[PDB]
Asker: 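Have a look at this one.
Just so you know, these numbers use all the heavy atoms, side chains as well, and skip hydrogens, waters and symmetry mates. Residue numbering restarts at 1 for every chain, and letters A, B, ... go by the order of the sequence lines.
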Amino acid sequence: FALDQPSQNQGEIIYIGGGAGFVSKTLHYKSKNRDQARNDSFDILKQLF
RNA sequence: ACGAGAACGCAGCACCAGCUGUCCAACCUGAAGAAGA
């Protein structure tokens, strides 16, 4: 209902634990472009499911 | 009727005394329960 999600506060956000998403598991989209990172993600996830 | 006969190379005696199989050394290195249940 709120989804405030405080942001830009000196980077104080950590996805600690699990059962949240597959983005925190695979690390290639922090050094690519949105279309390019999603293309690489599609290439690597074609082998899964 | 032998340069002969008779005659134990034998008796006593600890291969023993002292001496750390010790000294140094990490079972140690590298490694998400996620993911479309």
Asker: Pucker class of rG12(B) from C1'-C2'-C3'-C4', north or south?
Answerer: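 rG12(B) falls in the north pucker range.
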Asker: Classify the glycosidic conformation of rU20(B) as syn or anti, calling it syn when the angle lies within 90° of 0.
Answerer: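 Here the answer is syn: the torsion falls within 90° of 0.
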Asker: Remember a base hit wins even if backbone is also touched, and classify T26(A) as base, sugar-phosphate or nothing at under 4.0 Å, heavy atoms.
Answerer: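 Nothing: the residue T26(A), judged by heavy atoms under 4.0 Å, touches no strand.
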Asker: Kindly check the sign of the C1'-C2'-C3'-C4' torsion at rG33(B) and name the resulting pucker, north or south.
Answerer: south
Asker: Reading RNA chain B 5' to 3', how would its secondary structure be written in dot-bracket notation, given Watson-Crick and G-U pairs with both distances under 3.5 Å, brackets [ ] for crossing pairs and | for partners on other strands?
Answerer: .....................................
Asker: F22(A) near the nucleic acid: base, sugar-phosphate alone, or nothing, with a heavy-atom cut-off under 4.0 Å?
Answerer: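 Sugar-phosphate, no base atom in range.
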Asker: Are more than 12 heavy atoms from other residues, nucleotides or ligands located less than 6.0 Å from atom CG of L48(A)?
Answerer: yes
Asker: Just curious, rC10(B) north or south if you read off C1'-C2'-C3'-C4'?
Answerer: north
Asker: Taking atom CG of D40(A) and atom CG of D35(A), what is their separation to the nearest 0.5 Å?
Answerer: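 The CG atom of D40(A) sits 12.5 Å away from the CG atom of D35(A).
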Asker: Do you know the tightest heavy-atom contact between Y29(A) and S24(A)?
Answerer: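 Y29(A) and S24(A) have their closest heavy atoms at OH-N, 3.9 Å.
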Asker: So how far is it from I14(A) CD1 to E12(A) CD, rounded to the nearest 0.5 Å?
Answerer: 7.0 Å
Asker: Checking one value: the base orientation of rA34(B), syn if chi is within 90 degrees of 0, otherwise anti.
Answerer: anti
Asker: Could you state the atom-to-atom distance from OH of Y15(A) to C1' of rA34(B) in whole Å?
Answerer: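 That distance rounds to 16 Å.
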Asker: Taking atom P of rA32(B) as reference, at what distance in whole Å does atom CG of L27(A) sit?
Answerer: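 So the two atoms are 13 Å apart, to the nearest Å.
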Asker: If the glycosidic angle sits within 90 degrees of zero it is syn, else anti. Tell me which applies to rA17(B).
Answerer: anti
Asker: Taking atom P in both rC23(B) and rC27(B), what distance in whole Å separates the two?
Answerer: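 Pairwise P distance, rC23(B) against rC27(B), rounds to 16 Å.
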Asker: North or south: where does the sugar of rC8(B) fall when you read the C1'-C2'-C3'-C4' torsion?
Answerer: south
Asker: First locate atom CD of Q36(A), then atom NE2 of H28(A), and finally report the distance between them rounded to the nearest 0.5 Å.
Answerer: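 So the CD of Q36(A) and the NE2 of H28(A) are separated by 8.5 Å.
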Asker: Please report the distance separating the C1' of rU29(B) from the corresponding atom of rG33(B), rounded so that it comes out in whole Å.
Answerer: 24 Å
Asker: In terms of heavy-atom contacts, does CD of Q47(A) have more than 12 from other residues, nucleotides or ligands at under 6.0 Å?
Answerer: yes
Asker: Can you tell me how far CZ of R38(A) sits from CG of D43(A), rounded to the nearest 0.5 angstrom?
Answerer: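 So the gap between those two atoms works out to 12.5 Å.
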Asker: Mark yes or no for whether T26(A), through its side chain, and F22(A), through its backbone, hold a donor-acceptor pair below 3.5 Å.
Answerer: yes
Asker: Is it true that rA31(B) and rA32(B) stack, with six-membered ring centres under 5.5 angstrom apart and planes under 30°?
Answerer: no
Asker: Hey, which sits more toward the 5' end of RNA chain B by its nearest nucleotide, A20(A) or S24(A)?
Answerer: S24(A)
Asker: If you look at every strand shown and take non-hydrogen atoms under 4.0 Å, does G17(A) touch a base, only sugar-phosphate, or nothing?
Answerer: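 It contacts base atoms.
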Asker: Going strictly by the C1'-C2'-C3'-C4' torsion (positive north, negative south), how would you label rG9(B)?
Answerer: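 It is south, as the sign of the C1'-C2'-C3'-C4' dihedral turns out negative.
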Asker: Return the value, rounded to whole Å, for the distance between atom NZ of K25(A) and atom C1' of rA31(B).
Answerer: 12 Å
Asker: Report the distance from atom CG of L48(A) to atom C1' of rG36(B), rounded to the nearest whole Å.
Answerer: 11 Å
Asker: From CD of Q47(A) over to P of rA34(B), roughly how many Å is that when rounded to an integer?
Answerer: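 It works out to 19 Å between those atoms.
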